[PDB]
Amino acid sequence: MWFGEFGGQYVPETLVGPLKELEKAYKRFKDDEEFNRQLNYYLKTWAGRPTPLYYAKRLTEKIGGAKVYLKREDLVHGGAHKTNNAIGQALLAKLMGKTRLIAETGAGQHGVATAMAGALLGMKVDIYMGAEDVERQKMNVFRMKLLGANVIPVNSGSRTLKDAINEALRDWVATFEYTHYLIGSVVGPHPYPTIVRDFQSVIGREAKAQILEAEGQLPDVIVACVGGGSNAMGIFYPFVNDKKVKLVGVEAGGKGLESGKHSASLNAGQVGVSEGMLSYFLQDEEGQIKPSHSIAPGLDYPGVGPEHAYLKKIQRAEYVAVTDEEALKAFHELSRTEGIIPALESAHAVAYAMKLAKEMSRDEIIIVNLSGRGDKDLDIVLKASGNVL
């Protein structure tokens, strides 16, 4: 449950039983040949794995430095890496004998991923979403409706994500016998940080094989955006024991690190307990959890996964920040230069990789995790483009 001094299981006794049951079931299935055959079968035929490793020739030549490769998670069924974890936990729940899936979502991406995985495996899906988020995300709610899921509008409290998490936990305590709580990032109490990283590690394993086949050598740098940290841990984990492979996590710098309007937990956060884990969280002068900000909804989270807290502490990974403006510039640049519209989350990683490439040799290799496609973000980018001049 620990990554050095980070992680744990800081939950009420009511949640201890369910988590213990999950850990035991995972220990059985994680190395079980049939579980892995079915998972790999669904990832191949339903999700379209493997995703390609793409050499961004035009972007690389424009910068005039390091070769920039994009791990094309944008091409996974659903348009985001989140599908990898949604399939894994849904199949685990079904093989555990669960009949129902519950999850929470703010912007809807995890909700859609969960709804999709549920439909595939013929399980019931209830997604907890704040009614304020429901009114903001009409298409994603319709999507979840289409996929045979019920969006439970959370009218209580702030009608936000926090309230949906509380209602989802309260649901799970009562229903854990037949219901599985599908967490969408490497966050929360053990064993969720480990399970989600294990179900995203396929990104790194493909990327390693693909760069070795294409370039006959390991990458110099791997760059991934870090919200909770699942896409980053996914591409990082298989390279951790490759000492000369630099690992760079890019957090949401928002309106700037000095503005207090960002989600850079590792950069500016303090070590403390929240959402059942010991990790870095954005805190006010008192020590209360400070609200976060990013133009990218997927990065807009006050906390970060404990394994990233560990990788920072042992200095195995460097953690940096890119601003809303820098991410928007990278969104436009990749679109026009390579004909790939990135998720605004992924655009944070593209933004930092473009800066790093300029200072590096043409023989050096950067792999960027392109965690998703930016179709979902077109309204946000249009509004920001209309606010110019």
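In this text, residue numbers run from 1 along the sequence as written.
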Averaging only over Cα atoms, indicate whether 353-361 or 336-344 has the higher B-factor in the PDB entry.
353-361
Can you tell me which stretch has the higher mean Cα B-factor, 133-141 or 76-84?
133-141
Based on the PDB entry, the highest CA temperature factor among the options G188, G216, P302, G122 is that of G122
Peak C-alpha temperature factor (PDB record), options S259, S263, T105, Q315:
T105
Lowest, middle or highest third: where is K24 by Cα B-factor in its chain?
highest
Thinking about Cα B factors across the chain, which third does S371 belong to?
lowest
Assigned third (lowest, middle, highest) for the C-alpha B factor of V112
middle
Binned into thirds over the chain's modelled residues, the C-alpha B-factor of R100 lands in the highest
Entry-reported C-alpha B-factor of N241 relative to its chain, by third, is middle
